[PDB]
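*Asks:* Structure incoming, see below.
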């Protein structure tokens, strides 16, 4: 007889209500709006909005089972702003809607206020074909090349003003299409008061914002990218929420969304920060939100950061405590992750879930029925550290650190990996990708191409943060746009054209699509003295040879074992003049010699250009 059915209430309090945004939040009809809030310890809840005059006594919600409050408001219309007054004993606080589907332009109080917005999510999609063929499967055996994008700081329309969700669609799509990426990965779009947070704090999990436009503007952006053949992955932040006073903290006068406190007359005060993954309402709130992005915004993937902060509760010397009653591991959090992944693939097979986990937890990307966390992909952070360590060393000392370059193949196959050069690596004291490279300007440029050559040959899918693809000079600055003027310089234009030609090779040559052991075999890793390595990528009857010269010394008559005789050809050469290189290479037919090298039947005899990546293939046509 009310907003809520008895089945809604059973499902909420057992924590099996995974479409709870159907009923929680603000739901307009043709005449008024239903409001519904979880607040099991409040003594009263009222809805304050433009439609009364923010009168806490105009519309006091009634309480239902499971700690849910609900109330109808006639004449509350889409576009009205509103807030909740929560009363707990003698304390009273105004709160934004946790389930807000939009939050008003003032969306801090530094910003000029903060109210949620009554909204309908109505939108007509035109992306049926993408969603059918998006059988985005085991993309495990296909090319996946991700362009990582913070929306606001990519390009600016006139000065310090970002493009909108609608205004960014066409230039972003054009660029991603010419650069040859398959996907765009977006830093959190969920509403956040601090822009400088990059989105990772988050007060509005169900609200795409109003900073780049409305909910339907972002839908148009995703609809538009889908029709241009580009997938979209959303960074998603279940590990913690913003500490802002109007967000989820406290909420009903107690620890609701965060963990509850022990006895605290001194005693190591450990409490909160993460979500309380053992409250049924929290599992409803987060699992509902993952499905919400997948269903209401057609997104193709979710990436979870800081999975280590969820798996462990460690912090300190002395925090939970040891003995023989538990471990360092957050048991309910591991169960939440596994329920998260297995719900996503049940409801949205061939969506992608991706994890960044920084403690070498086994089986991050392994099925939950083998004690895995259930993700499709794991960020290869180990590969990133070793590669950025080695490449940063001046070439004269690289011969003493050859192991830093060949080590990642030891562990390259223990997960399904994305090889990522993310935004985290080009901020704070770390330098841009260009700035990390040693030597003179041409050597910086060649090192960045050599780095990309190796990254695309190394097993794993690919992710690069915006700006990195043309060797931007400075660290990423979220308050400005990227340094696009550098595309008038030949070394940066040349780096961009080479990433583009790498992407094209990745997408048209199956030799690079199988990232498991069968897909890679060493040709030689023993040349420490000259800092060279050779290796094969191998899939469906196709083969590419990678030869990588990590010193600015050209090598003539350099012999390389190959397993197939006959005429070979250079497919890509990072010293081509088009990329800013000097134009050395192995041109025309390269005939394989029927003598033996590297324990191989045949060998090629090549010129290795300085700081260059060579990619060759046998003639099979």
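*Asks:* Beta carbons within 10 angstrom, averaged per residue: use that to sort the peptides 475-487, 438-450, highest first. Mind dumping the intermediate values first?
*Replies:* Numbers: 475-487: 15.3, 438-450: 20.2.
Result, highest mean first: 438-450, 475-487.
*Asks:* Also, quick follow-up: Within 10 Å, count the other beta carbons around each residue, average over each peptide in 244-256, 179-191, and list them highest first.
*Replies:* Values: 244-256: 19.0, 179-191: 23.3.
In decreasing order of mean packing, 244-256, 179-191 become 179-191, 244-256.
*Asks:* Now, a different point. Where does each of 224-230, 198-204 land if you order them by average Cβ count within 10 Å, highest first? Intermediate results must be reported in sequence, preceding the final value.
*Replies:* On the way: 224-230: 18.7, 198-204: 22.0.
Ranked by mean Cβ neighbours within 10 Å, highest first: 198-204, 224-230.
*Asks:* What percent do you get for the relative contact order of the chain when only Cα pairs under 8 Å and 6+ apart count?
*Replies:* 10
*Asks:* Where does helix 165-179 land angle-wise versus the long Cα axis of the chain, in degrees 0 to 90, nearest 10?
*Replies:* Taking Cα atoms only, the helix is inclined about 20 degrees.
*Asks:* Another question about this same structure. Using a 7 Å offset from the Cα along the Cα-to-Cβ direction at both residue 194 and residue 19, what is the distance between the two label points in nm, to one decimal?
*Replies:* Rounded to a tenth, the inter-label distance reads 3.8 nm.
*Asks:* If you fit an axis through the alpha-carbon atoms of helix 441-457 and take the longest principal axis of the Cα set of the chain, what angle between them do you get, 0 to 90°, nearest 10?
*Replies:* Rounded to the nearest ten degrees, it is 80.
*Asks:* Here's another thing I want to ask about it. Going by a ≥ b ≥ c, the root eigenvalues of the Cα gyration tensor, does the stretch 9-69 fall in the rounded group (a/c under 1.5), the prolate group (a/b larger than b/c) or the oblate group?
*Replies:* Oblate is the answer for the stretch 9-69, as a/c is 1.5 or above yet b/c matches or exceeds a/b.
*Asks:* While we're on this one: Quick one: length gained pulling residue 411 to residue 525 fully straight, 0.36 nm per residue minus the C-alpha distance?
*Replies:* 39.5 nm
*Asks:* Further question on the same structure: According to the square roots a ≥ b ≥ c of the eigenvalues of the Cα gyration tensor, what is the shape class of the stretch 176-248, taking rounded for a/c under 1.5, prolate for a/b larger than b/c otherwise, and oblate for the remainder?
*Replies:* Values: a/c = 2.79, a/b = 1.99, b/c = 1.40.
In terms of gyration-tensor shape, prolate.
*Asks:* Right, next: How much of the DSSP bridge set in the chain is antiparallel, in percent, rounded to the nearest 5?
*Replies:* 70
*Asks:* Using helices alone, I'd like the mean residue ellipticity at 222 nm for the chain: each DSSP H run of four-plus residues gives -39500 (n - 2.57), total over residue count, nearest 500.
*Replies:* -7000 deg cm²/dmol
*Asks:* Expressed as an acute angle from 0 to 90° and rounded to the nearest 10, what is the orientation of the C-alpha long axis of helix 331-347 relative to the principal long axis of the chain?
*Replies:* Between the helix axis and the principal axis of the chain, the angle is about 80 degrees.
*Asks:* Given the Cα-Cα distance of residue 315 and residue 109 and 0.36 nm per residue of separation, how much length would full extension add, in nm?
*Replies:* Working: separation 206, 0.36 × 206 = 74.16 nm, distance 3.19 nm.
Here the answer is 71.0 nm.
*Asks:* To continue, here is another question. Over all directions, how big on average is the projection of the convex hull of the alpha-carbon atoms in the stretch 165-294, in square nanometres?
*Replies:* 9.8
*Asks:* Also, I was wondering about something else. So for the chain, Kirkwood radius off the Cα pairs, Stokes-Einstein at 4 °C and 1.567 mPa s: how many µm² s⁻¹?
*Replies:* 49
*Asks:* Also, quick follow-up: Label the stretch 516-621 by shape, choosing from rounded, prolate and oblate, from the square roots a ≥ b ≥ c of the eigenvalues of the Cα gyration tensor; if a/c is under 1.5 it is rounded, and otherwise prolate applies when a/b is larger than b/c, oblate when it is not.
*Replies:* Working: a/c = 1.44, a/b = 1.28, b/c = 1.13.
Taking the square roots of the gyration eigenvalues as a ≥ b ≥ c, the stretch 516-621 is rounded.
Please note: Cβ atoms are built from the backbone with ideal geometry, for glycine as well, and neighbour counts cover all protein chains shown. All of the numbers you see were taken from the coordinates with simple rules; none came from a lab.
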